[PDB]
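Chains as they are written, first to last, in my numbering: chain A, 1057 to 1230; chain B, 270 to 368; chain C, 68 to 119; chain D, 410 to 868; chain E, 43 to 129; chain F, 1133 to 1201; chain G, 37 to 164; chain H, 298 to 351; chain I, 550 to 727. We treat Cβ as the ideally placed atom computed from N, Cα and C, and that holds for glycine. In what follows, a structure is listed as structure tokens, so that the remarks can point back to it.
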Amino acid sequence: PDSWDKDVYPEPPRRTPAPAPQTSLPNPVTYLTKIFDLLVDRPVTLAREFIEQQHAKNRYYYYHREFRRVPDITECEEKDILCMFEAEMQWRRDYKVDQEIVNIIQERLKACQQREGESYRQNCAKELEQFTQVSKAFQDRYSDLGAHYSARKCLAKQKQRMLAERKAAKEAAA
Amino acid sequence: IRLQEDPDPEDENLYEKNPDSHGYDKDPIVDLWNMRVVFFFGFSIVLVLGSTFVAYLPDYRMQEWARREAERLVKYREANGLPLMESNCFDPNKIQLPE
Amino acid sequence: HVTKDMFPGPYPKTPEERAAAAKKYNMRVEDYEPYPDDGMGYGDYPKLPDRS
Amino acid sequence: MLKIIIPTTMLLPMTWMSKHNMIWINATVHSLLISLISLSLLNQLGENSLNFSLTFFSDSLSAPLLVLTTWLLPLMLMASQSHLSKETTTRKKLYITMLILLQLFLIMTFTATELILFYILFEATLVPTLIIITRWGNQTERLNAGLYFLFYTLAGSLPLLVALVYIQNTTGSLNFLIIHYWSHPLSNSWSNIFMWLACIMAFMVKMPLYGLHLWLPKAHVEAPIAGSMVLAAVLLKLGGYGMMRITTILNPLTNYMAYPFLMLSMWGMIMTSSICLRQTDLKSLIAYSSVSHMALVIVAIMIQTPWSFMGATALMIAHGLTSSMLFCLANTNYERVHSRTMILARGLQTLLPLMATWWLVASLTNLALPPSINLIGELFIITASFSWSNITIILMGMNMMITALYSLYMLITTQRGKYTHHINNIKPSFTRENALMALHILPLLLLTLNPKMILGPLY
Amino acid sequence: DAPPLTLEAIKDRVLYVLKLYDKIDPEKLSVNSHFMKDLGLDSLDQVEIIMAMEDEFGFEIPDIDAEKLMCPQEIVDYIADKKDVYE
Amino acid sequence: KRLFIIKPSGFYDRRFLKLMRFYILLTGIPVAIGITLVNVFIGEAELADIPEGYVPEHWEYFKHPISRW
Amino acid sequence: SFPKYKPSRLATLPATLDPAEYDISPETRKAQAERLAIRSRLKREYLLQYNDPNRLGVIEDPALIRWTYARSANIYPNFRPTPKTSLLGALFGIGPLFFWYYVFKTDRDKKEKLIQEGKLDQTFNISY
Amino acid sequence: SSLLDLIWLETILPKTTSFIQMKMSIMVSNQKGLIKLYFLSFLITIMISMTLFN
Amino acid sequence: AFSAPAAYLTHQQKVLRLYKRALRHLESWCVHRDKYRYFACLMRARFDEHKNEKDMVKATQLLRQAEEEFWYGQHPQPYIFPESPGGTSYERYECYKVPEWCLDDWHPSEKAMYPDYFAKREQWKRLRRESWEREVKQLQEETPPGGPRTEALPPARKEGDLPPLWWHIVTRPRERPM
Ligand SMILES: CCCCCCCCCCCCCCCCCC(=O)OC[C@H](COP(=O)([O-])OCC(O)COP(=O)([O-])OC[C@@H](COC(=O)CCCCCCCCCCCCCCCCC)OC(=O)CCCCCCCCCCCCCCCCC)OC(=O)CCCCCCCCCCCCCCCCC
Ligand SMILES: *P(=O)(O)OCC(C)(C)[C@H](O)C(=O)NCCC(=O)NCCSC(=O)CCCCCCCCCCCCC
């Protein structure tokens, strides 16, 4: 369906085997499926057709808000309240977007496990690696900021991480 | 006795004078209208209208906005081979570490 | 309707106080026995048998 | 916020100018209208707060508390009109005036943008409460209860005033936005330790913290029904709101200074649940349940993680509603039999069916029964405490077991069994009492339906 | 659920049990006969009679009350009053 | 034989339940009907790209008709 | 002969096995008579109040009032700081606090040591 | 309930402070109203302020 | 239940209660009727063997030893009648017992639903109100100056009187109310 993006939410092609009956006995599942189609599917399809006809007469649109980029807390001067405000709001929006990214990856993982069923350990290794990488990066970014997290605290954590990486590189080169 | 004190009055029952009493007031008309306004305003107005107003409050928390932004970023990054989650929040070029 | 003399009081230290306490709690003087005066706040309240 | 502040200041002259028999009707109707208007504050932003002006602002933590206060006022009016039938007109109007003043102070307290204005308002809330308790209480101990409440709160709050003026002199501003943006780490020194202690101890006494809590049973037992409703539902939440606000500037010292308070809160939660197990008074049982739940909230605020803050806010709202409902039910029983002893009246299920249903629902919500917001908050706090350490789960499990025990014990004692034979003045439940219980309980289930409205800014 | 009891039914059943007692002569047994003054039993025999009535009607008579049931009419009245029989 | 069954007065509880149901349904039913009619006829908005040089409003940024209103 | 039954505090001695039940002094009979007289007087008072047709309300129970008062409001005036009370209070109110403090401090110190040494399994711990 | 809530948590904070304040109040306000006594006190205060404050 | 208790249990009362308790527990042990009859006959044989005993000290010692033997040999789970205090059907209908004072708080419409019952109820209430003074006078005339020495009440000594303290005994809820 065009409701969502297939590239963002991938689904493997569906391979349904053709029925190969070996007995003359009638299939109760087939008979009940025919009954369900006759009694339920047709009336609900007619109702949805009427509703969609009524919708098409009043077609109106809504838009997605776009935020232009602004200088971040690194560029802001010390105790420059306006630049700090803009940078903090931008960091909070980025935090929300990153959280939704992790949510999308987790949904991929869950859906793939359920779809694979009994062979999930081998067939879901591709989605497990992506989740591992994304969770690792997200944890390193926002792991222990606290209840009163802020762009300044995230920047301080990044500075500490960069100093540690530089020290490790120097020690390895020594 | 050490005082000229009134005897403790008997408990006053609203059902004795008014069998169909709502327990709001002694006067039957005032009691009935107090019940009517309390029930109408509280239940009808506050409960129903506030609940539906809260249910249909506009998405000012940007939940769906954030989901759409994340979908766009995931699509763009996995199309171009970039990591889905960036390793750093800020730019190390713009960060200047002490010597 | 209960007066100030019908409330539990301090630990009885004289037989007159013990008799008055036993009368207050509707008990026989011979059957009346307070909790030991260990400063636990029981006061003159009787120590009834620990049954159910 | 003036669109909500001014209608209360107009509730004042309307109450004083209305006729002698229309005071309750007018006050109830317009309080409900003000609550409906205040429902519009729940539309919050995901980035920052609602900055109305230089004086008042609203956030995802302030908005549900304001809605709870505004919704709580008419319920207090209904209970008060229950128990103040024979009062004179002037004293009825004074009672309504004290309630209105308390609501106005609470609204401005939750919406204040400076710490000093917040302090002034949250200390101004003591005067109407003290007057209500010590004037319209029933028993003798109301005077001692008022003294205990007043002096505990003031002894807590005066060092907070000194610390606030010191912080303003040091940093230049007490505005919450400025102190959030210009926050700096707190070095480990004796001066910083004592500043931390001053602020935290003020709000811990307001919570209350275990060992600083005797004023709570004293005041809640001896206050009239409206005083008991407001004391448990809202006035206990000023400490939690203040702690969730001031701890911005107390880091990283909170990591080291929170041990005594966490140990006190956990052990006192266990102790107050156990006390509830062996209580001969119904109001005292409800008060100690309040102490246990607020101890849990203190634990959440002290561990101070995004999952704990959401749990703290949800538990605060849920406890406010549940404790108010429990106090109302106990007061109806008291009005029947003129005594607070739990075992005096029994068989109230076979004498009063619908009240038995209300007791069952309130007791089920008092314990964490899923998917109620009580359980949502308690579960979030328990999860955050588990991530903090792995024996907090032991303490929380013990607390949950004892909470279920004493809640169902209260229900079984009061409702089930055989009725007392000599109590023959138990008239059928009033429509007013039933409507009061319904107005307590239905919003809680609606909040369960929509839980993101009471999870705070960290959601 | 079960059919209601009647005074005549209670009397018939108590006399039935007492006539199935061996120590009691059926011919001289009437609803006003005293178990000891004019039937010649003793305390243990009265205890056994009370136990038989308990087994017959499916409920227990407390020892404080059973000691005083010295007549079939007294037993009938006691059982009827306990079971709320008025006809 | 029918015997009188002694029970507490259920009239007041029944009256309260009846009044509560009436006043919840007094406004709840019109609200449900209005929501159903709005959803059936004035459906939800369709997401679209912002035309170049056009500046929408917040209600044009929201989707449901009731939320937009 | 038969094994004896040893009473406990939670399984008390039955009346039929109590030695004092089979050793009745003449003063025991008068004590029982006095107890029955007290009970009968109280029963008569309660029954008169109970069957009074003009009574509406609750028959106040002085015994219940005394019990509720002695349980709460009479404890502090009758409390004295004794060695027993002081030791029990110090133990029950301080020992648990420091026991839990030691437990939690030790656990968190070990966890922080593992975190610093970088050998703690913290993968997937996104929520905190 | 008894040992901690009703006894020791009452004794430590509110009862001990109240007892101390009551005792100090009795000490301060228990004066016989004698000018000789409190003028001798004035003399002692003057000497102390002269010597100990430089 | 319906009889006022005494100050003490005499030796005859003690032995009879022990006899009944032993018979009940023996019936619990001997499930079948023939076996129970055999062993109950043996038990009554023992009681009759010790029946004639002039020495009260020896009789009391025999009672004490019999009580110890019973306690050792009692059935751990004796049979209890369903309506008896230990029984499974005990206190099941206490939630269905409603009093007449609760009955009089009815709404006038509810009362109008049963026009004939409430006329007789008003008659009973008039009868109760017309006799209370005579009841209290009779009670206070026959009491000793010291007070009631027992829990028994007197009957109605006069042609037009009712036994004192009768209302709740007479109007107690039925054993199967609903
Ligand atoms: C008294 C005691 C109790 C007291 C309780 C406490 C007090 C409570 C106070 C009130 C609290 C209110 C709280 C706020 C609620 C506000 C409403 C709201 O948020 O609505 C959200 C939302 C409404 O959607 P929306 O967000 O407004 O619009 C989204 C779409 O655009 C919509 O889609 P669309 O535009 O494409 O088309 C959908 C449209 C049209 O859809 C259809 O027409 C569907 C047709 C289906 C059948 C089709 C096939 C058959 C056709 C037969 C004929 C064929 C031939 C003819 C065909 C046509 C001609 C050619 O239908 C609707 O929009 C229905 C809206 C219903 C709104 C209800 C509002 C309630 C207001 C509050 C007061 C309530 C008072 C109580 C009384 C209520 C009245 C009784 O959902 C609902 O209202 C609930 C829908 C549930 C459907 C079933 C779901 C699955 C159930 C099973 C789950 C698993 C088992 C669980 C257990 C069993 C179930 C419990
Ligand atoms: P009636 O009024 O004639 O009653 C006659 C009485 C018994 C009152 C006599 O007049 C009497 O008091 N006689 C002297 C005292 C006497 O007889 N005492 C005997 C009592 S004990 C006795 O010796 C027999 C007891 C033996 C059986 C003991 C039961 C132990 C086994 C129980 C097991 C339970 C499960 C099997």
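Residue-level contact to chain I via CB, residue i, 7 Å cutoff
i	result
D/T840	no
Extent of the continuous alpha helix (DSSP H) run through residue i
i	result
D/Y650	646–655
G/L46	It is not in any alpha helix (DSSP H) - G/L46 carries neither H nor E in the DSSP assignment.
A/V1085	1084–1092
D/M719	715–746
A/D1154	1137–1172
C/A88	82–91
B/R336	332–349
Residue i: contacting residues in chain F (beta-carbon distance under 9 Å)
i	result
D/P762	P1140, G1142, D1145
Residue i beta carbon near ligand 2 (any heavy atom closer than 6 Å)
i	result
I/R613	no
I/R573	no
I/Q561	yes
E/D105	no
I/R593	no
E/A94	no
I/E617	no
E/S85	yes
I/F596	yes
I/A608	yes
Listed by chain order, chain E residues near residue i by CB distance under 9 Å
i	result
I/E724	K124, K125, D126
Cross-chain neighbours of residue i in chain I, by beta carbon under 8 Å
i	result
G/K79	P697, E700
Chain G within 7 Å of residue i, Cβ atoms only
i	result
D/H831	yes
H/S299	yes
Under 9 Å by beta carbon: chain G residues contacting residue i
i	result
A/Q1195	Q158, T159, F160, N161, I162
Contacts that residue i makes with chain D (C-beta to C-beta distance below 7 Å)
i	result
A/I1137	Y590
Chain G residues whose Cβ lies nearer than 8 Å to that of residue i
i	result
D/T750	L100, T104
Chain D contact for residue i (CB, 7 Å cutoff)
i	result
G/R144	yes
B/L326	yes
I/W650	yes
H/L337	no
A/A1203	yes
Partner residues on chain G for residue i, Cβ-Cβ distance less than 7 Å
i	result
C/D117	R45
Closer than 6 Å: residue i CB and nearest ligand 1 heavy atom
i	result
F/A1164	yes
D/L851	yes
D/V770	no
Residue-level contact to chain F via CB, residue i, 7 Å cutoff
i	result
B/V299	no
D/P837	yes
Within chain D, partners of residue i - CB distance below 9 Å
i	result
A/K1152	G455, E456
I/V647	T759, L760, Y828
Beta-carbon neighbours of residue i, restricted to chain F and to distances below 8 Å
i	result
B/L316	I1156
Can you find at least 3 beta carbon pairs, one from the segment 525–545 of chain D and one from the segment 595–606 of chain D, that sit closer than 8 Å?
-> Flag = no, the segment 525–545 of chain D and the segment 595–606 of chain D do not touch.
Indicate whether the contact test is met: 3 or more Cβ pairs, each with one atom in the segment 514–524 of chain D and one in the segment 579–587 of chain D, closer than 8 Å.
-> Touching, yes, given that three or more Cβ pairs across the two stretches are closer than 8 Å.
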